[PDB]
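*Asks:* Please find target.tsv (TSV, N, CA, C and O atoms) on the next line:
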```tsv
chain	number	residue	atom	x	y	z
D	124	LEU	N	168.67	-119.97	-52.13
D	124	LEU	CA	168.88	-121.26	-51.43
D	124	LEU	C	168.52	-122.43	-52.35
D	124	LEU	O	168.94	-123.56	-52.12
D	125	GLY	N	167.76	-122.14	-53.41
D	125	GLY	CA	167.42	-123.17	-54.39
D	125	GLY	C	168.63	-123.61	-55.18
D	125	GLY	O	168.84	-124.81	-55.40
D	126	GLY	N	169.44	-122.65	-55.61
D	126	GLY	CA	170.67	-122.97	-56.31
D	126	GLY	C	171.85	-123.01	-55.36
D	126	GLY	O	172.98	-122.69	-55.73
D	127	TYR	N	171.56	-123.42	-54.14
D	127	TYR	CA	172.53	-123.46	-53.07
D	127	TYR	C	172.48	-124.82	-52.39
D	127	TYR	O	171.54	-125.12	-51.66
D	128	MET	N	173.46	-125.66	-52.69
D	128	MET	CA	173.68	-126.88	-51.94
D	128	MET	C	173.69	-126.60	-50.45
D	128	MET	O	174.46	-125.79	-49.95
D	129	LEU	N	172.79	-127.26	-49.76
D	129	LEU	CA	172.79	-127.19	-48.32
D	129	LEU	C	174.11	-127.76	-47.84
D	129	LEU	O	174.48	-128.88	-48.20
D	130	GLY	N	174.84	-126.97	-47.08
D	130	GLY	CA	176.03	-127.46	-46.43
D	130	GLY	C	175.65	-128.46	-45.39
D	130	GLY	O	175.49	-128.11	-44.22
D	131	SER	N	175.41	-129.67	-45.90
D	131	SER	CA	175.00	-130.86	-45.14
D	131	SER	C	175.40	-130.81	-43.68
D	131	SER	O	176.43	-131.35	-43.28
D	132	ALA	N	174.55	-130.13	-42.90
D	132	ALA	CA	174.72	-129.94	-41.47
D	132	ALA	C	176.17	-129.63	-41.09
D	132	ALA	O	176.63	-130.02	-40.02
D	133	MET	N	176.83	-128.88	-41.98
D	133	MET	CA	178.14	-128.29	-41.70
D	133	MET	C	179.06	-129.26	-40.98
D	133	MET	O	179.06	-130.46	-41.24
D	134	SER	N	179.87	-128.72	-40.09
D	134	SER	CA	180.63	-129.52	-39.16
D	134	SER	C	180.09	-129.26	-37.75
D	134	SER	O	180.77	-129.53	-36.77
D	135	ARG	N	178.85	-128.74	-37.70
D	135	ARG	CA	178.17	-128.32	-36.45
D	135	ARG	C	179.11	-127.68	-35.43
D	135	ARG	O	178.96	-127.92	-34.24
D	136	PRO	N	180.00	-126.77	-35.88
D	136	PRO	CA	181.15	-126.27	-35.11
D	136	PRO	C	180.91	-126.16	-33.61
D	136	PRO	O	181.77	-126.55	-32.82
D	137	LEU	N	179.74	-125.63	-33.24
D	137	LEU	CA	179.41	-125.41	-31.84
D	137	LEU	C	180.52	-124.62	-31.20
D	137	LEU	O	181.34	-125.14	-30.45
D	138	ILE	N	180.54	-123.35	-31.55
D	138	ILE	CA	181.62	-122.44	-31.20
D	138	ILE	C	181.96	-122.47	-29.71
D	138	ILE	O	183.10	-122.19	-29.35
D	139	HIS	N	180.96	-122.82	-28.87
D	139	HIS	CA	181.05	-122.83	-27.39
D	139	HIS	C	181.42	-121.48	-26.81
D	139	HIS	O	181.10	-121.18	-25.66
D	140	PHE	N	182.10	-120.66	-27.61
D	140	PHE	CA	182.30	-119.25	-27.33
D	140	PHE	C	183.33	-119.00	-26.24
D	140	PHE	O	184.01	-117.98	-26.23
D	141	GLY	N	183.46	-119.95	-25.34
D	141	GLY	CA	184.18	-119.71	-24.13
D	141	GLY	C	183.20	-119.57	-22.99
D	141	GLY	O	183.59	-119.46	-21.83
D	142	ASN	N	181.92	-119.61	-23.34
D	142	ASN	CA	180.86	-119.54	-22.35
D	142	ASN	C	180.01	-120.76	-22.51
D	142	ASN	O	179.31	-120.88	-23.49
D	143	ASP	N	180.08	-121.68	-21.57
D	143	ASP	CA	179.26	-122.88	-21.62
D	143	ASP	C	177.78	-122.54	-21.68
D	143	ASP	O	176.97	-123.35	-22.13
D	144	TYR	N	177.44	-121.35	-21.23
D	144	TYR	CA	176.09	-120.84	-21.38
D	144	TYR	C	175.77	-120.74	-22.86
D	144	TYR	O	174.72	-121.17	-23.33
D	145	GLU	N	176.71	-120.19	-23.61
D	145	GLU	CA	176.57	-120.06	-25.04
D	145	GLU	C	176.96	-121.33	-25.75
D	145	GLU	O	176.45	-121.62	-26.83
D	146	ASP	N	177.87	-122.07	-25.15
D	146	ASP	CA	178.24	-123.38	-25.65
D	146	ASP	C	176.99	-124.20	-25.79
D	146	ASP	O	176.70	-124.83	-26.81
D	147	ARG	N	176.25	-124.10	-24.73
D	147	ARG	CA	174.97	-124.74	-24.62
D	147	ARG	C	173.98	-124.06	-25.56
D	147	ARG	O	173.12	-124.70	-26.13
D	148	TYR	N	174.15	-122.76	-25.72
D	148	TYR	CA	173.17	-121.95	-26.39
D	148	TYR	C	173.20	-122.17	-27.87
D	148	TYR	O	172.21	-121.98	-28.54
D	149	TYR	N	174.33	-122.59	-28.38
D	149	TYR	CA	174.46	-122.95	-29.77
D	149	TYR	C	174.03	-124.39	-29.92
D	149	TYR	O	173.40	-124.75	-30.89
D	150	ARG	N	174.37	-125.21	-28.93
D	150	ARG	CA	174.00	-126.61	-28.98
D	150	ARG	C	172.49	-126.72	-28.93
D	150	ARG	O	171.90	-127.72	-29.33
D	151	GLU	N	171.90	-125.65	-28.45
D	151	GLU	CA	170.49	-125.54	-28.32
D	151	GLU	C	169.95	-124.79	-29.52
D	151	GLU	O	168.81	-124.98	-29.93
D	152	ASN	N	170.81	-123.95	-30.09
D	152	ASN	CA	170.37	-123.07	-31.14
D	152	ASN	C	170.70	-123.64	-32.50
D	152	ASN	O	170.38	-123.05	-33.53
D	153	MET	N	171.34	-124.80	-32.51
D	153	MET	CA	171.83	-125.38	-33.75
D	153	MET	C	170.71	-125.82	-34.67
D	153	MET	O	170.96	-126.41	-35.72
D	154	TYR	N	169.50	-125.60	-34.25
D	154	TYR	CA	168.36	-125.88	-35.08
D	154	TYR	C	167.76	-124.57	-35.59
D	154	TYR	O	166.62	-124.53	-36.06
D	155	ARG	N	168.54	-123.49	-35.49
D	155	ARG	CA	168.07	-122.17	-35.88
D	155	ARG	C	169.23	-121.21	-36.20
D	155	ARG	O	169.22	-120.57	-37.24
D	156	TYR	N	170.22	-121.11	-35.32
D	156	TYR	CA	171.42	-120.34	-35.62
D	156	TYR	C	172.51	-121.36	-35.82
D	156	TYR	O	173.57	-121.31	-35.20
D	157	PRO	N	172.26	-122.24	-36.78
D	157	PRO	CA	172.46	-123.65	-36.61
D	157	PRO	C	173.73	-124.24	-37.20
D	157	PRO	O	174.67	-123.54	-37.56
D	158	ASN	N	173.70	-125.56	-37.30
D	158	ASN	CA	174.79	-126.33	-37.84
D	158	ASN	C	174.57	-126.62	-39.29
D	158	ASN	O	175.13	-127.54	-39.82
D	159	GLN	N	173.75	-125.83	-39.93
D	159	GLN	CA	173.55	-126.00	-41.35
D	159	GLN	C	173.53	-124.68	-42.08
D	159	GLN	O	173.11	-123.66	-41.54
D	160	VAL	N	173.97	-124.72	-43.33
D	160	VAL	CA	174.04	-123.54	-44.14
D	160	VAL	C	173.72	-123.87	-45.56
D	160	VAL	O	173.61	-125.03	-45.93
D	161	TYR	N	173.52	-122.85	-46.34
D	161	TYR	CA	173.26	-123.01	-47.74
D	161	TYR	C	174.27	-122.20	-48.52
D	161	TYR	O	174.59	-121.06	-48.19
D	162	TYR	N	174.80	-122.81	-49.53
D	162	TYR	CA	175.83	-122.22	-50.34
D	162	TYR	C	175.94	-123.03	-51.55
D	162	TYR	O	175.29	-124.04	-51.68
D	163	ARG	N	176.70	-122.58	-52.46
D	163	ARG	CA	176.88	-123.30	-53.68
D	163	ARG	C	178.22	-124.04	-53.58
D	163	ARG	O	179.02	-123.68	-52.72
D	164	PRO	N	178.54	-125.04	-54.44
D	164	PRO	CA	179.66	-125.91	-54.15
D	164	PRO	C	180.92	-125.32	-54.70
D	164	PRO	O	181.17	-125.28	-55.91
D	165	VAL	N	181.69	-124.84	-53.77
D	165	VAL	CA	182.82	-124.03	-54.03
D	165	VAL	C	184.08	-124.84	-53.88
D	165	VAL	O	184.39	-125.36	-52.82
D	166	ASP	N	184.82	-124.94	-54.94
D	166	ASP	CA	186.12	-125.54	-54.84
D	166	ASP	C	187.07	-124.50	-54.26
D	166	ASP	O	188.11	-124.16	-54.82
D	167	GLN	N	186.59	-123.96	-53.14
D	167	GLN	CA	187.23	-122.95	-52.33
D	167	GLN	C	187.29	-121.58	-53.03
D	167	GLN	O	187.53	-120.57	-52.38
D	168	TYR	N	186.97	-121.58	-54.34
D	168	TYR	CA	186.83	-120.36	-55.18
D	168	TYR	C	187.87	-119.26	-54.90
D	168	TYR	O	187.63	-118.10	-55.23
D	169	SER	N	189.02	-119.63	-54.33
D	169	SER	CA	189.99	-118.67	-53.80
D	169	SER	C	189.34	-117.63	-52.87
D	169	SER	O	189.96	-116.63	-52.51
D	170	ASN	N	188.10	-117.91	-52.45
D	170	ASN	CA	187.36	-117.06	-51.52
D	170	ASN	C	185.96	-117.64	-51.29
D	170	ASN	O	184.99	-117.16	-51.87
D	171	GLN	N	185.85	-118.69	-50.48
D	171	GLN	CA	184.55	-119.15	-50.06
D	171	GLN	C	184.05	-118.21	-49.00
D	171	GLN	O	182.86	-118.00	-48.87
D	172	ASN	N	185.00	-117.61	-48.28
D	172	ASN	CA	184.73	-116.49	-47.36
D	172	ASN	C	183.75	-115.50	-48.00
D	172	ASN	O	182.91	-114.90	-47.32
D	173	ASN	N	183.82	-115.41	-49.31
D	173	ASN	CA	182.95	-114.53	-50.07
D	173	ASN	C	181.53	-115.07	-50.04
D	173	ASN	O	180.57	-114.41	-49.61
D	174	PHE	N	181.41	-116.33	-50.46
D	174	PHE	CA	180.15	-117.04	-50.48
D	174	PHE	C	179.64	-117.24	-49.06
D	174	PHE	O	178.48	-117.58	-48.85
D	175	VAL	N	180.53	-117.06	-48.10
D	175	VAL	CA	180.19	-117.20	-46.71
D	175	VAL	C	179.27	-116.11	-46.27
D	175	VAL	O	178.17	-116.37	-45.86
D	176	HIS	N	179.74	-114.87	-46.35
D	176	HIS	CA	178.92	-113.74	-45.95
D	176	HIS	C	177.59	-113.80	-46.69
D	176	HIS	O	176.57	-113.35	-46.18
D	177	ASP	N	177.61	-114.40	-47.87
D	177	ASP	CA	176.39	-114.64	-48.63
D	177	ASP	C	175.61	-115.85	-48.09
D	177	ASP	O	174.38	-115.87	-48.12
D	178	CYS	N	176.32	-116.83	-47.56
D	178	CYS	CA	175.70	-118.00	-46.95
D	178	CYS	C	175.14	-117.62	-45.57
D	178	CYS	O	174.09	-118.08	-45.16
D	179	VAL	N	175.85	-116.78	-44.82
D	179	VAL	CA	175.29	-116.29	-43.58
D	179	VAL	C	174.09	-115.42	-43.94
D	179	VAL	O	173.11	-115.34	-43.22
D	180	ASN	N	174.13	-114.84	-45.12
D	180	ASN	CA	173.01	-114.05	-45.59
D	180	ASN	C	171.84	-114.91	-45.99
D	180	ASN	O	170.71	-114.42	-46.04
D	181	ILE	N	172.08	-116.16	-46.31
D	181	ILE	CA	170.99	-117.03	-46.68
D	181	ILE	C	170.49	-117.85	-45.49
D	181	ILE	O	169.30	-118.15	-45.38
D	182	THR	N	171.39	-118.20	-44.59
D	182	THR	CA	171.15	-119.24	-43.62
D	182	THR	C	170.61	-118.71	-42.33
D	182	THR	O	169.74	-119.32	-41.70
D	183	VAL	N	171.12	-117.59	-41.94
D	183	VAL	CA	170.70	-116.99	-40.72
D	183	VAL	C	169.36	-116.39	-41.02
D	183	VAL	O	168.45	-116.41	-40.21
D	184	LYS	N	169.27	-116.02	-42.28
D	184	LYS	CA	168.10	-115.43	-42.85
D	184	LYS	C	166.98	-116.42	-42.98
D	184	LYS	O	165.91	-116.19	-42.48
D	185	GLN	N	167.24	-117.53	-43.64
D	185	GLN	CA	166.22	-118.55	-43.80
D	185	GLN	C	165.64	-118.92	-42.44
D	185	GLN	O	164.50	-119.35	-42.33
D	186	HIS	N	166.44	-118.70	-41.40
D	186	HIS	CA	166.07	-118.97	-40.02
D	186	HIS	C	165.56	-117.73	-39.28
D	186	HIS	O	165.15	-117.82	-38.13
D	187	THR	N	165.61	-116.59	-39.92
D	187	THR	CA	165.13	-115.36	-39.31
D	187	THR	C	164.27	-114.58	-40.30
D	187	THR	O	164.03	-113.38	-40.12
D	188	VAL	N	163.78	-115.25	-41.34
D	188	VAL	CA	163.01	-114.55	-42.37
D	188	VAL	C	161.86	-115.40	-42.89
D	188	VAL	O	160.71	-114.97	-42.89
D	189	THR	N	162.16	-116.62	-43.32
D	189	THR	CA	161.12	-117.58	-43.62
D	189	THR	C	160.77	-118.28	-42.33
D	189	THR	O	159.77	-119.00	-42.21
D	190	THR	N	161.59	-118.01	-41.33
D	190	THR	CA	161.50	-118.68	-40.07
D	190	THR	C	161.11	-117.72	-38.94
D	190	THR	O	160.67	-118.15	-37.87
D	191	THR	N	161.17	-116.41	-39.19
D	191	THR	CA	160.66	-115.44	-38.22
D	191	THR	C	159.15	-115.57	-38.13
D	191	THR	O	158.50	-115.02	-37.24
D	192	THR	N	158.63	-116.34	-39.05
D	192	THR	CA	157.22	-116.59	-39.18
D	192	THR	C	156.82	-117.73	-38.26
D	192	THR	O	155.65	-117.88	-37.87
D	193	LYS	N	157.81	-118.53	-37.88
D	193	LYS	CA	157.61	-119.63	-36.96
D	193	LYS	C	157.68	-119.07	-35.54
D	193	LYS	O	157.24	-119.69	-34.58
D	194	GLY	N	158.22	-117.86	-35.45
D	194	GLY	CA	158.39	-117.21	-34.17
D	194	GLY	C	159.83	-117.18	-33.79
D	194	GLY	O	160.18	-116.96	-32.63
D	195	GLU	N	160.68	-117.41	-34.77
D	195	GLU	CA	162.08	-117.61	-34.53
D	195	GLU	C	162.90	-116.49	-35.13
D	195	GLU	O	162.91	-116.27	-36.34
D	196	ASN	N	163.56	-115.79	-34.24
D	196	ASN	CA	164.28	-114.57	-34.57
D	196	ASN	C	165.56	-114.51	-33.78
D	196	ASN	O	165.65	-115.04	-32.67
D	197	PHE	N	166.53	-113.83	-34.33
D	197	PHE	CA	167.83	-113.74	-33.71
D	197	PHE	C	168.02	-112.39	-33.06
D	197	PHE	O	167.27	-111.44	-33.30
D	198	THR	N	169.03	-112.33	-32.23
D	198	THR	CA	169.52	-111.09	-31.70
D	198	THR	C	170.99	-110.98	-32.06
D	198	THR	O	171.52	-111.94	-32.57
D	199	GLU	N	171.62	-109.83	-31.91
D	199	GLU	CA	173.03	-109.70	-32.31
D	199	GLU	C	173.92	-110.74	-31.64
D	199	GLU	O	174.97	-111.05	-32.14
D	200	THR	N	173.50	-111.24	-30.50
D	200	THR	CA	174.11	-112.41	-29.88
D	200	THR	C	173.78	-113.63	-30.69
D	200	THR	O	174.65	-114.41	-31.03
D	201	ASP	N	172.52	-113.75	-31.07
D	201	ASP	CA	172.03	-114.92	-31.77
D	201	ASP	C	172.59	-114.91	-33.16
D	201	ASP	O	172.65	-115.91	-33.86
D	202	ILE	N	172.99	-113.73	-33.53
D	202	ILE	CA	173.56	-113.48	-34.80
D	202	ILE	C	175.03	-113.52	-34.71
D	202	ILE	O	175.70	-113.95	-35.63
D	203	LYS	N	175.53	-113.10	-33.57
D	203	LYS	CA	176.92	-113.16	-33.37
D	203	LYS	C	177.28	-114.62	-33.38
D	203	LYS	O	178.41	-115.03	-33.56
D	204	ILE	N	176.20	-115.37	-33.21
D	204	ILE	CA	176.17	-116.78	-33.32
D	204	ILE	C	176.27	-117.16	-34.77
D	204	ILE	O	177.28	-117.67	-35.18
D	205	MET	N	175.28	-116.84	-35.57
D	205	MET	CA	175.31	-117.27	-36.94
D	205	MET	C	176.49	-116.68	-37.66
D	205	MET	O	176.86	-117.13	-38.72
D	206	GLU	N	177.12	-115.73	-37.06
D	206	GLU	CA	178.26	-115.16	-37.69
D	206	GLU	C	179.49	-115.82	-37.15
D	206	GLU	O	180.53	-115.87	-37.79
D	207	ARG	N	179.36	-116.42	-36.01
D	207	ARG	CA	180.47	-117.14	-35.45
D	207	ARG	C	180.41	-118.59	-35.86
D	207	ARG	O	181.44	-119.25	-35.94
D	208	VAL	N	179.22	-119.09	-36.11
D	208	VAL	CA	179.06	-120.48	-36.45
D	208	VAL	C	179.03	-120.65	-37.93
D	208	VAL	O	179.54	-121.61	-38.46
D	209	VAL	N	178.45	-119.69	-38.58
D	209	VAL	CA	178.18	-119.75	-39.99
D	209	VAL	C	179.22	-118.97	-40.78
D	209	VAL	O	179.72	-119.46	-41.79
D	210	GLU	N	179.57	-117.75	-40.33
D	210	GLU	CA	180.59	-116.98	-41.03
D	210	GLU	C	181.89	-117.73	-40.90
D	210	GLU	O	182.70	-117.79	-41.82
D	211	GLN	N	182.05	-118.34	-39.75
D	211	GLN	CA	183.20	-119.15	-39.51
D	211	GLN	C	183.10	-120.46	-40.26
D	211	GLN	O	184.08	-120.92	-40.83
D	212	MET	N	181.93	-121.08	-40.26
D	212	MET	CA	181.83	-122.39	-40.85
D	212	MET	C	181.89	-122.34	-42.35
D	212	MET	O	182.58	-123.12	-42.97
D	213	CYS	N	181.18	-121.42	-42.94
D	213	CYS	CA	181.29	-121.26	-44.36
D	213	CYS	C	182.72	-120.87	-44.71
D	213	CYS	O	183.23	-121.23	-45.77
D	214	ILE	N	183.38	-120.13	-43.81
D	214	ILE	CA	184.81	-119.84	-43.95
D	214	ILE	C	185.59	-121.13	-43.85
D	214	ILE	O	186.57	-121.34	-44.57
D	215	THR	N	185.17	-121.99	-42.95
D	215	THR	CA	185.74	-123.30	-42.84
D	215	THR	C	185.63	-123.98	-44.20
D	215	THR	O	186.56	-124.60	-44.63
D	216	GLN	N	184.50	-123.84	-44.87
D	216	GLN	CA	184.35	-124.31	-46.24
D	216	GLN	C	185.37	-123.69	-47.20
D	216	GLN	O	185.77	-124.32	-48.17
D	217	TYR	N	185.78	-122.46	-46.95
D	217	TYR	CA	186.81	-121.84	-47.78
D	217	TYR	C	188.02	-122.76	-47.82
D	217	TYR	O	188.68	-122.91	-48.85
D	218	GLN	N	188.29	-123.39	-46.69
D	218	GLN	CA	189.33	-124.41	-46.58
D	218	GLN	C	188.79	-125.85	-46.69
D	218	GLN	O	189.52	-126.76	-47.07
D	219	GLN	N	187.52	-126.05	-46.36
D	219	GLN	CA	186.98	-127.39	-46.18
D	219	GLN	C	186.23	-127.85	-47.40
D	219	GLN	O	186.10	-129.04	-47.66
D	220	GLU	N	185.71	-126.91	-48.14
D	220	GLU	CA	184.95	-127.24	-49.31
D	220	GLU	C	185.86	-127.35	-50.49
D	220	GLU	O	185.49	-127.89	-51.51
D	221	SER	N	187.07	-126.88	-50.36
D	221	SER	CA	188.00	-127.14	-51.41
D	221	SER	C	188.29	-128.63	-51.41
D	221	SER	O	188.89	-129.18	-52.33
D	222	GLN	N	187.86	-129.25	-50.33
D	222	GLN	CA	187.94	-130.68	-50.12
D	222	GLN	C	186.65	-131.33	-50.62
D	222	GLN	O	186.67	-132.19	-51.50
D	223	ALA	N	185.54	-130.89	-50.05
D	223	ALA	CA	184.24	-131.47	-50.37
D	223	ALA	C	183.79	-131.12	-51.77
D	223	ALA	O	183.26	-131.98	-52.47
D	224	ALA	N	184.00	-129.88	-52.19
D	224	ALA	CA	183.57	-129.49	-53.51
D	224	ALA	C	184.57	-129.97	-54.53
D	224	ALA	O	184.33	-129.92	-55.73
D	225	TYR	N	185.70	-130.42	-54.05
D	225	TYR	CA	186.64	-131.12	-54.89
D	225	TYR	C	186.08	-132.49	-55.18
D	225	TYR	O	186.05	-132.96	-56.32
D	226	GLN	N	185.66	-133.11	-54.11
D	226	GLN	CA	185.00	-134.38	-54.14
D	226	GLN	C	183.72	-134.33	-55.01
D	226	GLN	O	183.60	-135.05	-56.00
D	227	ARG	N	182.79	-133.45	-54.64
D	227	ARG	CA	181.48	-133.41	-55.28
D	227	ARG	C	181.57	-132.70	-56.62
D	227	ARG	O	180.96	-133.12	-57.60
D	228	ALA	N	182.36	-131.63	-56.64
D	228	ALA	CA	182.50	-130.76	-57.78
D	228	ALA	C	181.13	-130.35	-58.34
D	228	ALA	O	180.76	-130.83	-59.44
```
Could you render the structure from this file as structure tokens?

*Replies:*
Amino acid sequence: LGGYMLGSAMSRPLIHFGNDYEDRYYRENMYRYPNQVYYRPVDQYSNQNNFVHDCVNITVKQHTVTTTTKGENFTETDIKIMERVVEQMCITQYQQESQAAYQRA
């Protein structure tokens, strides 16, 4: 995460899931299964999806590993979250960071 540009609070996708319970649950969880990720600045790398699974590996983790110490832990739902919000969002970077990392490079 040190050599990983924080994905400046992502696009806070808020997957909503189709369940306002979970819609709410991400809006509530966005400070943990959240609207932020860590990754390096990818000019879409013809596969940010790649750096994604690695970013979900850093971000859900930083929130369930350096953060499980705060008392904050995920469940496969909570993870299905970081995988829906983060695997998707970092994937969004596959298309979206070719924009931003084009900009920032």

*Asks:* DSSP says helix (DSSP H, G or I) for which residues of chain D? Put them as an MDAnalysis selection string?

*Replies:* chainID D and resid 143:150 171:185 199:227

*Asks:* To one decimal place in Å, what is the distance between CA of residue 124 (chain D) and CA of residue 184 (chain D)?

*Replies:*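 The value is 10.4 Å.
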
*Asks:* Figure out the distance between atom N of residue 165 (chain D) and atom N of residue 222 (chain D), please, to one decimal in Å.

*Replies:* 8.3 Å

*Asks:* Mind giving me the straight-line distance from atom C of residue 144 (chain D) to atom O of residue 181 (chain D) in Å, one decimal?

*Replies:*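 Interatomic distance here is 23.6 Å.
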
*Asks:* Neighbours of residue 196 (chain D) within 12 Å (only C-alpha atoms; same-chain residues fewer than 2 positions away dropped), as a count of residues only?

*Replies:* 21

*Asks:* Please list as a VMD selection string every residue within 8 Å of residue 160 (chain D), counting only C-alpha atoms and excluding residues in the same chain fewer than 6 positions away.

*Replies:* chain D and resid 129 to 133 178 to 179 181 to 182 209 213
